[PDB]
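Reading through the structure tokens given below for one structure.
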Amino acid sequence: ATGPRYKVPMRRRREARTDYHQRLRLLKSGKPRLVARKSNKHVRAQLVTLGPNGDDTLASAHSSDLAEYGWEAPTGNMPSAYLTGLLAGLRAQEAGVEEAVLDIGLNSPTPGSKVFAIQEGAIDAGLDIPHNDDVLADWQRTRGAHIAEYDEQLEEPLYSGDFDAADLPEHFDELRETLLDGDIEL
Amino acid sequence: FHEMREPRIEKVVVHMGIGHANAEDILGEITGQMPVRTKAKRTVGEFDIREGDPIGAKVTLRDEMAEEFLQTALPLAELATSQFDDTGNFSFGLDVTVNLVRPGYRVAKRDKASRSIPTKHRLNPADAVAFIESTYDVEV
Amino acid sequence: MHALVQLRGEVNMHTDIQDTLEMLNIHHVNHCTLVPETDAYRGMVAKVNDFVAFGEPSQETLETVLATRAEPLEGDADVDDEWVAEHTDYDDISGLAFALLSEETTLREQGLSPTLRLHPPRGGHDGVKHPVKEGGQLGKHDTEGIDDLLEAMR
Amino acid sequence: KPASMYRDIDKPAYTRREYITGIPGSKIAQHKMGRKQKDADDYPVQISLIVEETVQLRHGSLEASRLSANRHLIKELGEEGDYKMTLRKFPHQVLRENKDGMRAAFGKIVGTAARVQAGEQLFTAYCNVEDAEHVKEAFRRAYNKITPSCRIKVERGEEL
Amino acid sequence: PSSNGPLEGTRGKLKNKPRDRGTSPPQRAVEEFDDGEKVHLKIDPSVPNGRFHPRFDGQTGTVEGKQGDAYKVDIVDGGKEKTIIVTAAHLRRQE
RNA sequence: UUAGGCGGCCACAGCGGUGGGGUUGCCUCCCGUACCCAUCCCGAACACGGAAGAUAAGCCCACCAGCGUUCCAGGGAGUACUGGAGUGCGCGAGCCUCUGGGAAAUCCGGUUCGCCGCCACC
RNA sequence: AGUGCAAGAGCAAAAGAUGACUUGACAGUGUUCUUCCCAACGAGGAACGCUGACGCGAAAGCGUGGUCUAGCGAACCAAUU
RNA sequence: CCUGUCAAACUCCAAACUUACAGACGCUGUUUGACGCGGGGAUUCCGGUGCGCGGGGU
Ligand SMILES: [Cl-]
Ligand SMILES: [Cl-]
Ligand SMILES: [Mg+2]
Ligand SMILES: [Mg+2]
Ligand SMILES: [Mg+2]
Ligand SMILES: [Mg+2]
Ligand SMILES: [Mg+2]
Ligand SMILES: [Mg+2]
Ligand SMILES: [Mg+2]
Ligand SMILES: [Mg+2]
Ligand code: NA
Ligand code: NA
Ligand code: NA
Ligand code: NA
Ligand code: NA
Ligand SMILES: [Sr+2]
Ligand SMILES: [Sr+2]
Ligand SMILES: [Sr+2]
Ligand SMILES: [Sr+2]
Ligand SMILES: [Sr+2]
Ligand SMILES: [Sr+2]
């Protein structure tokens, strides 16, 4: 910028998307990273491995393609997050992946958050990932019970486009039920 | 276009730089929310040998808490032209500061992929005066 | 292919230079060797530059020198057409001389000593304190200039 | 002391003042002479005094030669003549003197000198065609007070 | 030398050029080498841990196993064989 | 990649600037605090819930070279410096010839407003 | 800028600041380099492992004192576990 | 803006050159056994000069 002596940060630091200090500690494990990223509307979970010219994604899952299995609900909540994780975890198991380490990027390790939900799903899918149970959300909140009770305080519908009036965390149960099934076209 | 460009109040910080407290009680009642202490750095000859220690207090007001305070705060001041920051901010007086800015300010305040706001989208002294003046008062 | 001829003694000459001359199969003053022009060989003559006399000789001159100073790998045996015929891959000295210049083979390859032990220059050389461009006898030579030396030391 | 003790460049560059203390002040009173407000490009003639050998010139000689040169220019062109001379070199090299025999011989600081390579311009004057012979004379007096032989070269003078 | 510490006269070799300042990329600090692999030794100024004795900068050893995460590289100092414990951060694959 | 995620190299990618782009799509800004979580004070941020609005920010796309940077041509320069040799010159400090290498500043004209890998996706 | 102290070097979502929790400034035993370039030589030192027990963290992980290079001592005898 | 100068303990630059490893050519070793390893015996630890590069000192 200023002169020849000036030091310009690494591109992914410039962009403020990669925390290199945490990335190193992450890579030290030797295991693949379960990259857990969010969006205002969606949730993504990638199984990333190290490569000669950049990272390699062996398996992944976006909350958008969650509807491809019978999801009529939104895509930026707890049930959505957990399910996206389980889906990604299942595709991972299929590719030969057996273990991983949770990479939450620039997100906060808040107790019960979505990235921990994403983690809980991948583990449930059969992946061995170093975790901590009391940092994960209550099984009910994962289901989306916190939102069903919120709609209980109605007077005005929570959801715009009709999915249902009082909402159905049972849909979470139905979908999880669907994924754990041996068949299903991944 | 006009909507995602029209200014708003980011925050209103009321602060009292004492120098050695009992003043927290008045700020609480005048603003509506609980205040926070203010410390200091570097040793001072005006009896400030203790680095980290109470000197003043402040309160950052946002949303309703800010406007409801400003409706009764602005009348007490005699606003001027010079009293304006190049960023479209202003301070007067127990000091009272109003932080003004355009809609998508979160871009520079968030953690992920944060970016500094472009100069073409940053509020101007003129654009600030106007917005403020267009709400129960006079300029200069 | 160039003809190397040591014209300066070993005393006081740097060791890494003296070693190079020995790698180029030359151990005494007035000894000559035939070196191919490759990158590697080029670096070597450059290092020896100041204590040597080199250059590409004419087919004729080479034939003269080979006939007079070449020797077997062992023994006094004269290297003449008849010798060249019964031991080499050639028909006569001229055949050998041609192959050397064209860099198709080596003296060692044909069972000949890698060194042509020449006689002191008749009428003397142009001096071992200056290069060719300065009227001296050290360094690179003209094809005509090198011949004058080799023929003089026949 | 004799210049023979300091004229040659036979020691490392010793200038770092952050490590050397008690360095004597420079006897050189001025570096810009004549009319310093007027530009050099405002003069038709430009004559420089060129040092033929690489040497070290002590500030004492720098001042002495600069003095005897400009003093002549003043005498011949008046105290405010239409000329402007320049001493471009500065005494950066710090000198020592071992003044206990050869034990703890690192000397004490005694002065400063300017290093000048052969062919360099020590002095450079700018005058009008009418005053060129006076400046050539000023330089003739100046080169008598410095160690090397010098050349009085004209860089802008078709007037001959 | 005035002193005989390990960092004696290492002012140059253990300093980064201005633009190479700051934390180094993780990629090369996690690189995996195999036994027999020729590797160049060069201390990365920005990396504190896992360094070898500065006197060995410039060497090209042979990976002969690892101790923990660090590597055991064989070298020949003059005429003496030595084994060096060094992390990937200070190693480059030859060629 | 009609706007995405993770990266490698880590300015050829910086700084500054102009133009263009989003009905159930994307990223955003955005709207909103019952919950999980949060502020030594502020749902600002962090966290969670969500779409009435918007493409003005960001981001993605196209382009500009003024500053900074990378590389290239010519000039400076085979100059400065230099490994090897000399019964070559100089009172001397030092210089020269031969042989093998060979800058830097600066000028001028080009170049550069990132390249590449993996995954996902009208 | 700061990072206890020479000088040189390292460091910015930190190696700095603040806050909080904590005692790994832990026990045992090694590998390697250094001390002593090359090239033999003690004490001392450092880097890097293993075993045990722990602290913190969601976790990867970090902690074998202070970002790195100075702050050190044989045999005999005494006290101590 | 313009103009005048420097650095053993300065560096946006930057050689020649020295140096690690490898391949090639060369030379060398496999009856002259190299490279290396183990053992016996030393002497030696006042050096000097030329050249190049030095640091101190008129
Ligand atoms: Cl994210
Ligand atoms: Cl080491
Ligand atoms: Mg014979
Ligand atoms: Mg005769
Ligand atoms: Mg003669
Ligand atoms: Mg040095
Ligand atoms: Mg626009
Ligand atoms: Mg002479
Ligand atoms: Mg005793
Ligand atoms: Mg005791
Ligand atoms: Na004495
Ligand atoms: Na670095
Ligand atoms: Na406090
Ligand atoms: Na926009
Ligand atoms: Na030891
Ligand atoms: Sr000297
Ligand atoms: Sr003179
Ligand atoms: Sr809000
Ligand atoms: Sr060339
Ligand atoms: Sr440390
Ligand atoms: Sr050297």
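Ordered as shown in the structure tokens, chains take letters A, B, and onward, while each chain numbers its residues from 1 and ligands are numbered from 1 in the order shown.
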
Notebook entry, point to check: Using only C-alpha atoms (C1' of nucleotides) and all ligand atoms, what are the residues with an atom within 12 Å of ligand 21, set out as a PyMOL selection string?
Noted result: chain H and resi 17-19+53

Print the selection's residues with C-alpha atoms (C1' of nucleotides) to a file, as a PDB file, in the first residue's frame.
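Contents of the output file out_2.pdb:
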ATOM      1  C1'   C H  17      32.160 -15.278  -4.664  1.00  0.00           C
ATOM      2  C1'   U H  18      31.865 -18.977  -0.657  1.00  0.00           C
ATOM      3  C1'   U H  19      28.781 -22.909   0.658  1.00  0.00           C
ATOM      4  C1'   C H  53      41.095  -9.136   1.854  1.00  0.00           C
TER       5        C H  53
END

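Those residues in region 26-125 of chain B carrying a DSSP assignment of strand (DSSP E or B), computed from the backbone, are residues 36, 37, 38, 44, 48, 56, 57, 58, 59, 60, 61, 84, 90, 91, 92, 95, 96, 97, 98, 99, 100 and 101 of chain B.
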
Could you save those same residues with C-alpha atoms as a PDB file, in the first residue's frame?
ATOM      1  CA  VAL B  36     -20.719   1.893  33.475  1.00  0.00           C
ATOM      2  CA  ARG B  37     -17.569   3.231  35.142  1.00  0.00           C
ATOM      3  CA  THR B  38     -14.685   4.851  33.273  1.00  0.00           C
ATOM      4  CA  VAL B  44      -0.978  12.084  35.886  1.00  0.00           C
ATOM      5  CA  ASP B  48      -3.922  10.176  39.151  1.00  0.00           C
ATOM      6  CA  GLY B  56     -16.155   8.904  35.212  1.00  0.00           C
ATOM      7  CA  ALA B  57     -19.078   7.026  33.695  1.00  0.00           C
ATOM      8  CA  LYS B  58     -21.127   6.729  30.510  1.00  0.00           C
ATOM      9  CA  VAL B  59     -24.273   5.232  28.982  1.00  0.00           C
ATOM     10  CA  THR B  60     -24.682   4.087  25.390  1.00  0.00           C
ATOM     11  CA  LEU B  61     -28.302   4.545  24.322  1.00  0.00           C
ATOM     12  CA  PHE B  84     -20.248  18.625  13.750  1.00  0.00           C
ATOM     13  CA  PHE B  90     -21.849  15.800  17.022  1.00  0.00           C
ATOM     14  CA  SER B  91     -21.234  16.379  20.726  1.00  0.00           C
ATOM     15  CA  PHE B  92     -22.488  19.073  23.132  1.00  0.00           C
ATOM     16  CA  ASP B  95     -21.506  15.488  27.548  1.00  0.00           C
ATOM     17  CA  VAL B  96     -24.010  14.002  25.105  1.00  0.00           C
ATOM     18  CA  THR B  97     -22.871  12.478  21.812  1.00  0.00           C
ATOM     19  CA  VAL B  98     -24.993  11.273  18.900  1.00  0.00           C
ATOM     20  CA  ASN B  99     -23.557   8.727  16.473  1.00  0.00           C
ATOM     21  CA  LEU B 100     -25.261   8.955  13.060  1.00  0.00           C
ATOM     22  CA  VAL B 101     -24.990   6.550  10.109  1.00  0.00           C
TER      23      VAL B 101
END

Taking only C-alpha atoms (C1' of nucleotides) and all ligand atoms into account, which residues are within 8 Å of ligand 14, as a PyMOL selection string?
-> chain F and resi 55-58

Those selected residues, please, written with C-alpha atoms (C1' of nucleotides) and delivered as a PDB file, in the first residue's frame.
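The resulting result-v8.pdb:
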ATOM      1  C1'   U F  55     -29.559  -3.818  -4.371  1.00  0.00           C
ATOM      2  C1'   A F  56     -27.832   2.105  -1.271  1.00  0.00           C
ATOM      3  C1'   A F  57     -23.211  -0.667   1.728  1.00  0.00           C
ATOM      4  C1'   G F  58     -20.876  -5.300   1.448  1.00  0.00           C
TER       5        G F  58
END

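Residue list for chain E within 6 Å of chain H: residues 58, 59 and 60 of chain E, counting only C-alpha atoms (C1' of nucleotides).
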
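Neighbouring residues of ligand 15 at a cut-off of 12 Å, counting only C-alpha atoms (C1' of nucleotides) and all ligand atoms, are residues 32, 33, 34, 35, 36, 41, 42, 43, 44, 45 and 46 of chain G.
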
**Residues within 7 Å of region 61-69 of chain G, only C-alpha atoms (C1' of nucleotides), excluding chain neighbours under 6 positions, as a ChimeraX atom specification** = /A:25 /E:5-7 /G:10,15,24-25

Saved selection, atoms kept: N, CA, C and O atoms (P, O5', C5', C4', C3', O3' and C1' of nucleotides), as a PDB file, in the first residue's frame:
ATOM      1  N   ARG A  25      -3.762 -24.834  14.660  1.00  0.00           N
ATOM      2  CA  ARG A  25      -4.094 -25.717  15.769  1.00  0.00           C
ATOM      3  C   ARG A  25      -5.063 -26.789  15.290  1.00  0.00           C
ATOM      4  O   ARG A  25      -5.013 -27.944  15.721  1.00  0.00           O
TER       5      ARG A  25
ATOM      6  N   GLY E   5      27.376 -17.174  22.221  1.00  0.00           N
ATOM      7  CA  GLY E   5      26.021 -17.683  22.345  1.00  0.00           C
ATOM      8  C   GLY E   5      25.559 -18.270  21.024  1.00  0.00           C
ATOM      9  O   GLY E   5      26.230 -18.102  20.006  1.00  0.00           O
ATOM     10  N   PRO E   6      24.422 -18.977  21.002  1.00  0.00           N
ATOM     11  CA  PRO E   6      23.897 -19.584  19.774  1.00  0.00           C
ATOM     12  C   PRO E   6      23.479 -18.571  18.705  1.00  0.00           C
ATOM     13  O   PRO E   6      23.615 -18.833  17.510  1.00  0.00           O
ATOM     14  N   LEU E   7      22.967 -17.420  19.133  1.00  0.00           N
ATOM     15  CA  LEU E   7      22.521 -16.398  18.197  1.00  0.00           C
ATOM     16  C   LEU E   7      23.607 -15.400  17.825  1.00  0.00           C
ATOM     17  O   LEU E   7      23.324 -14.330  17.289  1.00  0.00           O
TER      18      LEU E   7
ATOM     19  P     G G  10      12.905  -9.864  12.968  1.00  0.00           P
ATOM     20  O5'   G G  10      12.110 -10.741  14.032  1.00  0.00           O
ATOM     21  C5'   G G  10      12.013 -12.157  13.865  1.00  0.00           C
ATOM     22  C4'   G G  10      10.956 -12.719  14.774  1.00  0.00           C
ATOM     23  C3'   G G  10       9.589 -12.061  14.738  1.00  0.00           C
ATOM     24  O3'   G G  10       8.819 -12.475  13.612  1.00  0.00           O
ATOM     25  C1'   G G  10      10.207 -12.455  16.979  1.00  0.00           C
ATOM     26  P     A G  15      -0.433 -15.653  20.917  1.00  0.00           P
ATOM     27  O5'   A G  15       0.928 -15.090  21.523  1.00  0.00           O
ATOM     28  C5'   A G  15       1.178 -15.081  22.939  1.00  0.00           C
ATOM     29  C4'   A G  15       2.358 -14.188  23.251  1.00  0.00           C
ATOM     30  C3'   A G  15       2.147 -12.693  23.047  1.00  0.00           C
ATOM     31  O3'   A G  15       2.940 -11.990  23.993  1.00  0.00           O
ATOM     32  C1'   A G  15       3.810 -13.462  21.545  1.00  0.00           C
ATOM     33  P     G G  24       1.476 -27.439  38.659  1.00  0.00           P
ATOM     34  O5'   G G  24       2.182 -27.375  37.229  1.00  0.00           O
ATOM     35  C5'   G G  24       3.491 -26.794  37.090  1.00  0.00           C
ATOM     36  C4'   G G  24       3.743 -26.355  35.666  1.00  0.00           C
ATOM     37  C3'   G G  24       2.711 -25.436  35.024  1.00  0.00           C
ATOM     38  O3'   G G  24       3.391 -24.486  34.209  1.00  0.00           O
ATOM     39  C1'   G G  24       3.047 -27.322  33.651  1.00  0.00           C
ATOM     40  P     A G  25       3.829 -23.070  34.830  1.00  0.00           P
ATOM     41  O5'   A G  25       5.207 -23.383  35.552  1.00  0.00           O
ATOM     42  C5'   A G  25       6.328 -23.894  34.814  1.00  0.00           C
ATOM     43  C4'   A G  25       7.502 -24.077  35.735  1.00  0.00           C
ATOM     44  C3'   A G  25       7.204 -24.916  36.973  1.00  0.00           C
ATOM     45  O3'   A G  25       8.373 -25.623  37.358  1.00  0.00           O
ATOM     46  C1'   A G  25       7.824 -22.739  37.633  1.00  0.00           C
TER      47        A G  25
END

For residue 37 (chain F), find every residue with an atom within 9 Å (counting only C-alpha atoms (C1' of nucleotides)), except residues of its own chain fewer than 4 positions away, and show them as a ChimeraX atom specification. /A:110-113 /F:46-48

Using the selection just defined, write its residues with N, CA, C and O atoms (P, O5', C5', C4', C3', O3' and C1' of nucleotides) as a PDB file, in the first residue's frame.
ATOM      1  N   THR A 110     -20.668 -20.496  21.482  1.00  0.00           N
ATOM      2  CA  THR A 110     -21.754 -20.319  22.435  1.00  0.00           C
ATOM      3  C   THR A 110     -22.493 -21.626  22.699  1.00  0.00           C
ATOM      4  O   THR A 110     -22.798 -22.374  21.772  1.00  0.00           O
ATOM      5  N   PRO A 111     -22.739 -21.943  23.981  1.00  0.00           N
ATOM      6  CA  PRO A 111     -23.440 -23.165  24.385  1.00  0.00           C
ATOM      7  C   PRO A 111     -24.823 -23.293  23.750  1.00  0.00           C
ATOM      8  O   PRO A 111     -25.643 -22.373  23.815  1.00  0.00           O
ATOM      9  N   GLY A 112     -25.051 -24.431  23.106  1.00  0.00           N
ATOM     10  CA  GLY A 112     -26.322 -24.686  22.459  1.00  0.00           C
ATOM     11  C   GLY A 112     -26.490 -24.081  21.077  1.00  0.00           C
ATOM     12  O   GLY A 112     -27.558 -24.225  20.480  1.00  0.00           O
ATOM     13  N   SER A 113     -25.450 -23.431  20.554  1.00  0.00           N
ATOM     14  CA  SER A 113     -25.525 -22.803  19.231  1.00  0.00           C
ATOM     15  C   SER A 113     -25.725 -23.800  18.086  1.00  0.00           C
ATOM     16  O   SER A 113     -25.683 -25.020  18.285  1.00  0.00           O
TER      17      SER A 113
ATOM     18  P     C F  46     -21.853 -10.015  15.251  1.00  0.00           P
ATOM     19  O5'   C F  46     -21.807 -11.051  16.460  1.00  0.00           O
ATOM     20  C5'   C F  46     -20.556 -11.549  16.964  1.00  0.00           C
ATOM     21  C4'   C F  46     -20.784 -12.303  18.245  1.00  0.00           C
ATOM     22  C3'   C F  46     -21.867 -13.363  18.167  1.00  0.00           C
ATOM     23  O3'   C F  46     -21.387 -14.581  17.607  1.00  0.00           O
ATOM     24  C1'   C F  46     -22.205 -12.043  20.098  1.00  0.00           C
ATOM     25  P     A F  47     -22.350 -15.457  16.659  1.00  0.00           P
ATOM     26  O5'   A F  47     -23.584 -15.803  17.602  1.00  0.00           O
ATOM     27  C5'   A F  47     -23.457 -16.797  18.629  1.00  0.00           C
ATOM     28  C4'   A F  47     -24.779 -17.010  19.318  1.00  0.00           C
ATOM     29  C3'   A F  47     -25.968 -17.302  18.421  1.00  0.00           C
ATOM     30  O3'   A F  47     -26.002 -18.652  17.978  1.00  0.00           O
ATOM     31  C1'   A F  47     -26.591 -15.707  20.027  1.00  0.00           C
ATOM     32  P     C F  48     -26.715 -19.017  16.580  1.00  0.00           P
ATOM     33  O5'   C F  48     -28.273 -18.962  16.919  1.00  0.00           O
ATOM     34  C5'   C F  48     -28.846 -19.805  17.945  1.00  0.00           C
ATOM     35  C4'   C F  48     -30.182 -19.252  18.400  1.00  0.00           C
ATOM     36  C3'   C F  48     -31.278 -19.132  17.349  1.00  0.00           C
ATOM     37  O3'   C F  48     -31.959 -20.360  17.131  1.00  0.00           O
ATOM     38  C1'   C F  48     -31.179 -17.139  18.590  1.00  0.00           C
TER      39        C F  48
END

Interface, chain G side, toward chain A (9 Å; only C-alpha atoms (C1' of nucleotides)) as number ranges by chain
G: 13, 58-61

Please produce a file of those selected residues containing N, CA and C atoms (P, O5', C5', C4', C3', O3' and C1' of nucleotides), as a PDB file, in the first residue's frame.
ATOM      1  P     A G  13      -4.223 -10.592  13.725  1.00  0.00           P
ATOM      2  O5'   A G  13      -4.898 -11.347  14.951  1.00  0.00           O
ATOM      3  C5'   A G  13      -5.394 -10.611  16.085  1.00  0.00           C
ATOM      4  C4'   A G  13      -6.802 -11.042  16.402  1.00  0.00           C
ATOM      5  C3'   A G  13      -6.981 -12.524  16.688  1.00  0.00           C
ATOM      6  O3'   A G  13      -6.750 -12.795  18.071  1.00  0.00           O
ATOM      7  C1'   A G  13      -8.632 -11.791  15.156  1.00  0.00           C
ATOM      8  P     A G  58     -15.398 -23.919  26.729  1.00  0.00           P
ATOM      9  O5'   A G  58     -15.283 -25.404  26.176  1.00  0.00           O
ATOM     10  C5'   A G  58     -16.317 -26.366  26.406  1.00  0.00           C
ATOM     11  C4'   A G  58     -16.552 -27.158  25.150  1.00  0.00           C
ATOM     12  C3'   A G  58     -15.315 -27.811  24.561  1.00  0.00           C
ATOM     13  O3'   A G  58     -15.072 -29.070  25.170  1.00  0.00           O
ATOM     14  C1'   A G  58     -16.503 -26.692  22.861  1.00  0.00           C
ATOM     15  P     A G  59     -13.567 -29.508  25.515  1.00  0.00           P
ATOM     16  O5'   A G  59     -12.916 -29.810  24.098  1.00  0.00           O
ATOM     17  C5'   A G  59     -13.347 -30.934  23.329  1.00  0.00           C
ATOM     18  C4'   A G  59     -12.914 -30.759  21.907  1.00  0.00           C
ATOM     19  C3'   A G  59     -11.412 -30.655  21.728  1.00  0.00           C
ATOM     20  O3'   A G  59     -10.837 -31.957  21.634  1.00  0.00           O
ATOM     21  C1'   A G  59     -12.466 -28.878  20.591  1.00  0.00           C
ATOM     22  P     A G  60      -9.293 -32.178  22.010  1.00  0.00           P
ATOM     23  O5'   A G  60      -8.516 -31.641  20.726  1.00  0.00           O
ATOM     24  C5'   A G  60      -8.597 -32.352  19.476  1.00  0.00           C
ATOM     25  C4'   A G  60      -8.168 -31.464  18.331  1.00  0.00           C
ATOM     26  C3'   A G  60      -6.754 -30.923  18.407  1.00  0.00           C
ATOM     27  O3'   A G  60      -5.814 -31.885  17.951  1.00  0.00           O
ATOM     28  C1'   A G  60      -8.232 -29.189  17.782  1.00  0.00           C
ATOM     29  P     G G  61      -4.568 -32.289  18.885  1.00  0.00           P
ATOM     30  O5'   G G  61      -3.997 -30.900  19.434  1.00  0.00           O
ATOM     31  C5'   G G  61      -3.675 -29.823  18.531  1.00  0.00           C
ATOM     32  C4'   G G  61      -3.758 -28.487  19.242  1.00  0.00           C
ATOM     33  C3'   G G  61      -2.690 -28.183  20.273  1.00  0.00           C
ATOM     34  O3'   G G  61      -1.492 -27.714  19.671  1.00  0.00           O
ATOM     35  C1'   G G  61      -4.790 -27.622  21.161  1.00  0.00           C
TER      36        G G  61
END

I need the residues in region 62-154 of chain C that are helix (DSSP H, G or I) according to DSSP; give them as a count of residues only.
37

Do me a favour and pick out the residues of chain E within 6 Å of chain A, using only C-alpha atoms, as an mmCIF file with C-alpha atoms, in the first residue's frame.
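Result written to selection-v6.cif:
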data_model
loop_
_atom_site.group_PDB
_atom_site.id
_atom_site.type_symbol
_atom_site.label_atom_id
_atom_site.label_comp_id
_atom_site.auth_asym_id
_atom_site.auth_seq_id
_atom_site.Cartn_x
_atom_site.Cartn_y
_atom_site.Cartn_z
ATOM 1 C CA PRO E 18 9.995 -6.489 5.581
ATOM 2 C CA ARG E 19 7.308 -8.013 3.321
ATOM 3 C CA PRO E 26 0.208 -22.980 8.267
#

- Item | Neighbourhood of ligand 1 at 9 Å, counting only C-alpha atoms (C1' of nucleotides) and all ligand atoms, reported as a PyMOL selection string | (chain A and resi 17+36-39+43-44+104-107) or (chain B and resi 112) or (chain F and resi 5)

Selected residues written out, C-alpha atoms (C1' of nucleotides), as a PDB file, in the first residue's frame:
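The new file part36.pdb reads:
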ATOM      1  CA  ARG A  17     -12.789 -15.021   6.524  1.00  0.00           C
ATOM      2  CA  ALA A  36     -19.466 -25.565  10.045  1.00  0.00           C
ATOM      3  CA  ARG A  37     -20.578 -22.311   8.390  1.00  0.00           C
ATOM      4  CA  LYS A  38     -23.789 -20.264   8.603  1.00  0.00           C
ATOM      5  CA  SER A  39     -25.846 -17.815   6.556  1.00  0.00           C
ATOM      6  CA  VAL A  43     -26.524 -23.658   6.990  1.00  0.00           C
ATOM      7  CA  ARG A  44     -23.608 -25.549   5.399  1.00  0.00           C
ATOM      8  CA  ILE A 104     -16.426 -23.349  13.433  1.00  0.00           C
ATOM      9  CA  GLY A 105     -14.440 -20.614  11.718  1.00  0.00           C
ATOM     10  CA  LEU A 106     -15.232 -17.094  12.910  1.00  0.00           C
ATOM     11  CA  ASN A 107     -18.376 -18.218  14.759  1.00  0.00           C
TER      12      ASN A 107
ATOM     13  CA  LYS B 112     -17.252 -12.302   9.803  1.00  0.00           C
TER      14      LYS B 112
ATOM     15  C1'   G F   5     -18.147 -22.539   1.300  1.00  0.00           C
TER      16        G F   5
END

Report the closest atom pair, with its distance in Å rounded to one decimal, for each residue of chain F that has an atom no farther than 12 Å from chain D; count only C-alpha atoms (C1' of nucleotides), sort by chain and then rising residue number, and write it as JSON lines.
{"residue": "F:92", "atom": "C1'", "partner": "D:8", "partner_atom": "CA", "distance": 10.6}
{"residue": "F:93", "atom": "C1'", "partner": "D:8", "partner_atom": "CA", "distance": 6.0}
{"residue": "F:94", "atom": "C1'", "partner": "D:54", "partner_atom": "CA", "distance": 9.0}
{"residue": "F:95", "atom": "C1'", "partner": "D:53", "partner_atom": "CA", "distance": 11.3}

Requested in this report: Around ligand 4, at most 8 Å away and counting only C-alpha atoms (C1' of nucleotides) and all ligand atoms, which residues are there? Put them as a PyMOL selection string, please.
Outcome: chain C and resi 122-124

Write out as a Markdown table a residue-level contact list of chain D versus ligand 11 with cut-off 10 Å: for each qualifying residue the closest pair of atoms and the distance in Å to one decimal, counting only C-alpha atoms and all ligand atoms, rows sorted by chain and residue number upward.
| residue | atom | partner | partner_atom_place_in_ligand_line | distance |
| --- | --- | --- | --- | --- |
| D:100 | CA | ligand 11 | 1 (Na) | 5.1 |
| D:101 | CA | ligand 11 | 1 (Na) | 8.3 |
| D:103 | CA | ligand 11 | 1 (Na) | 7.4 |
| D:104 | CA | ligand 11 | 1 (Na) | 8.5 |

Go ahead and save the residues from that selection, with N, CA and C atoms, as a JSON list (two decimals), in the first residue's frame.
[["chain", "number", "residue", "atom", "x", "y", "z"],
["D", 100, "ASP", "N", 51.91, 3.44, 28.22],
["D", 100, "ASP", "CA", 51.10, 3.56, 27.02],
["D", 100, "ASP", "C", 51.96, 3.76, 25.77],
["D", 101, "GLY", "N", 52.10, 2.68, 25.00],
["D", 101, "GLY", "CA", 52.85, 2.73, 23.76],
["D", 101, "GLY", "C", 51.82, 2.32, 22.73],
["D", 103, "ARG", "N", 49.92, -0.21, 23.40],
["D", 103, "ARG", "CA", 48.91, -0.85, 24.25],
["D", 103, "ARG", "C", 47.71, 0.08, 24.30],
["D", 104, "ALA", "N", 46.50, -0.46, 24.09],
["D", 104, "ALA", "CA", 45.29, 0.36, 24.08],
["D", 104, "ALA", "C", 45.53, 1.54, 23.12]]

Query raised in the report: When the cut-off is 9 Å and you count only C-alpha atoms (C1' of nucleotides) and all ligand atoms, which residues lie near ligand 19, shown as a list in words?
Result: residues 78, 101 and 102 of chain F

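The space between CA of residue 54 (chain C) and CA of residue 140 (chain C) spans 5.1 Å.
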
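Distance-wise, CA of residue 21 (chain B) and CA of residue 45 (chain B) end up 20.2 Å apart.
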
Show me, as a PDB file with N, CA and C atoms, in the first residue's frame, the residues that have an atom within 10 Å of residue 8 (chain H) when counting only C-alpha atoms (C1' of nucleotides), minus same-chain residues fewer than 4 positions from it.
ATOM      1  N   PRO D  12      38.575   2.086   7.755  1.00  0.00           N
ATOM      2  CA  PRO D  12      37.159   1.894   7.430  1.00  0.00           C
ATOM      3  C   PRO D  12      36.417   3.223   7.525  1.00  0.00           C
ATOM      4  N   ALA D  13      35.214   3.278   6.971  1.00  0.00           N
ATOM      5  CA  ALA D  13      34.423   4.498   7.058  1.00  0.00           C
ATOM      6  C   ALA D  13      34.027   4.613   8.528  1.00  0.00           C
ATOM      7  N   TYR D  14      34.462   5.700   9.151  1.00  0.00           N
ATOM      8  CA  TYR D  14      34.220   5.968  10.562  1.00  0.00           C
ATOM      9  C   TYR D  14      33.375   7.248  10.687  1.00  0.00           C
ATOM     10  N   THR D  15      32.055   7.132  10.534  1.00  0.00           N
ATOM     11  CA  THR D  15      31.191   8.315  10.590  1.00  0.00           C
ATOM     12  C   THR D  15      30.046   8.280  11.603  1.00  0.00           C
ATOM     13  N   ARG D  16      29.617   7.076  11.971  1.00  0.00           N
ATOM     14  CA  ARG D  16      28.503   6.877  12.895  1.00  0.00           C
ATOM     15  C   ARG D  16      28.606   7.611  14.233  1.00  0.00           C
TER      16      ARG D  16
END
